[PDB]
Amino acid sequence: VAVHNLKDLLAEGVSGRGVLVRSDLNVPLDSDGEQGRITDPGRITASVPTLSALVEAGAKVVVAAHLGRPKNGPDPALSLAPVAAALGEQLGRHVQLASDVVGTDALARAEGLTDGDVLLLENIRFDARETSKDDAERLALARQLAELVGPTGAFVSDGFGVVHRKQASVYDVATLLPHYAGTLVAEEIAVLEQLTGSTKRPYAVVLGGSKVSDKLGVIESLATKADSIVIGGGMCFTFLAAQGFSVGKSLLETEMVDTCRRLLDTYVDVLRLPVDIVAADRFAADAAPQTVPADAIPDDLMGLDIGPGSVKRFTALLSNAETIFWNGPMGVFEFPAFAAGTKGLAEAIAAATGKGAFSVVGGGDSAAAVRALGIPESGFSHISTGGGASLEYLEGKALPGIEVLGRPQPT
């Protein structure tokens, strides 16, 4: 397997060459009010380095991207028209928008492209074949997409959030054209490799969130790769119950207790549990915080955050790590009295990063909610935005949109 990158494609030459780019242009839209208003253009900005490199090298660029999850064909609220306008402003050139995906208009505009021109097809998910489980359906669309750039063309995959599922514009079209990872996909792979296959040690993982069942895949995969896995958040009380401790009124996934016991028995001393807990008598911001030992949680209290002794032990652990992966809050950080555990670990990871650690923040858009606490993104080596795709990578699943890029080029 050899995943070629954009620099490899540029080295081959793209002057006058049709290049199909799968971009991530799935920007949030206002759906309280009038249609077609982008509320965060960040993904458009992120798409520019790949597209600008191809434009300046003289490629004829055709872009496939989706917006939302259209139910059954064209949906005016999910037209890429506002995306084409915003993308052109950031690219410094007009971006044509086809009035269809692979119909009359797309074909005519693609045939007329000259060196450096950019054509955005309409929302690729308007076509029922794009997300079909039927291989023959996806192949039919993939062939039409490949015909837009021609048999001398190339394919660049630059949307990491869709590489974990077989979609025509992501997977099948890569079997039809010489294929390359774009700058975003290549960078996410390079980061995720440092968390799975090529780990600089000590490697510390920090996992939070509410349910063990949601994190089980990542825990089991990383337990054979990391030196420590710090367990916080709401899910930590299920592990504490598996230790034989009572957890009062805390969140508890009773059906996962025996699984947590198996993990603690199997991956001995990898998992690091809280030693103290900030508990309260009710789920309220104004509830009196009580710091209790993790083995002496009172029956009438619920745990809402990891305690200061836990933050202290976890911080010391993180200060020695070469590699840090963090996904999920340590407590109910919306309540300021129960935000200290999350803020404390964020500060520890940023501090370690400033002294040389490689730190990756998982979660993508979900983790941005935590950053309402005042946590600058620049404090970390890499913010992963790959969502479910990134998590499945960490779980050790083979991602079809990545695997296909490593195949030999079609002859």
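Start at 1 and count along the sequence shown; that's the residue number.
Legend entry - Comparing 247-255 with 260-268, the one whose average Cα B-factor in the PDB entry is higher: Averaged over C-alpha atoms, the B-factors run higher in 247-255.
Legend entry - Between 147-155 and 312-320 (mean CA B-factor, as deposited), the higher: Result of the comparison: 312-320.
Inset, instruction - Can you pull the Cα B-factors for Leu67, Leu54, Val361, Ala368 from the entry and say which is highest? - result: Of the options given, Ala368 has the highest CA B-factor in the PDB entry.
Inset, instruction - Compare the CA B factors listed in the entry for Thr238, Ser99, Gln290, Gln96 and report the winner. - result: Across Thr238, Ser99, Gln290, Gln96, the entry lists the biggest C-alpha B-factor for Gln290.
Inset, instruction - Among all modelled residues of this chain, ranked by Cα B factor, put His179 in the bottom, middle or top third, i.e. lowest, middle or highest. - result: Lowest third - that is where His179 ends up once the chain's C-alpha B-factors are sorted.
Legend entry - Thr45 by Cα B-factor - lowest, middle or highest third of the modelled chain: Its C-alpha B-factor, which the entry lists for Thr45, ranks in the lowest third among residues of this chain.
Inset, instruction - Could you look up the Cα B-factor of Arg125 in the entry and say which third of the chain it sits in: lowest, middle or highest? - result: Its C-alpha B-factor, which the entry lists for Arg125, ranks in the lowest third among residues of this chain.
Inset, instruction - Please rank the C-alpha B-factors of the chain's modelled residues and tell me whether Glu188 sits in the lowest, middle or highest third. - result: Middle third.
Inset, instruction - Looking at the entry's B-factor column for C-alpha atoms only, identify whether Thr342 ranks in the lowest, middle or highest third of its chain. - result: Answer is highest: the recorded C-alpha B-factor places it there.
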